[PDB]
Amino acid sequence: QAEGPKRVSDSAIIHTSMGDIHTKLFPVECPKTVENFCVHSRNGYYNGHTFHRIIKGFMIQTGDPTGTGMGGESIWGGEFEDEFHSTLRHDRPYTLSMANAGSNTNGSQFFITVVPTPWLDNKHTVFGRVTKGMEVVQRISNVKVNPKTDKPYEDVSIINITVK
């Protein structure tokens, strides 16, 4: 491999208003995606973000500074490529993936599933998996939301994210 320093890591802890979510990351398979996530995290970019879209029995979504689903961008200043990999699947719960609004439109928003979601394979970049705090993800997924918007009545937020 080429020499030089990197900004990726293979683990992080997302410290939320309802507890800690420990995430293993996949920087070998998804280097751009893990770098984006790690650099935003260390920079404090996700600090105070809400989980603005929560769908019981599906997934919890966050990472938009505006909280609307329309906002956020990559550490490069816009959108970046999908990093699909055949070994990385939404075949188990608590998979960490990029949100996006179409192919190659990754910004800053991401989600964590609470069940297998195989229909998202090769549509959303899988870049991590929860290793501790699965119960936190589950509990977040069960907060009361506005049925029309899937937005929780009481905010659930990221405090900060510690990258190992």
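All residue numbers are counted from 1 along the displayed sequence.
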Look up the CA B-factors in the entry and say which stretch, 48-56 or 117-125, has the higher mean.
117-125
Of the three thirds of its chain by CA temperature factor, lowest, middle or highest, which one includes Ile14?
lowest
Using only modelled residues of the chain, where does the Cα B factor of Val145 rank: lowest third, middle third or highest third?
highest
Among the modelled residues of its chain, does the C-alpha B-factor of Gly107 lie in the lowest, middle or highest third?
middle
Using only modelled residues of the chain, where does the Cα B factor of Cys30 rank: lowest third, middle third or highest third?
highest
Taking the values exactly as deposited, rank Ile161 by C-alpha B-factor within its chain and report the matching third: lowest, middle or highest.
lowest
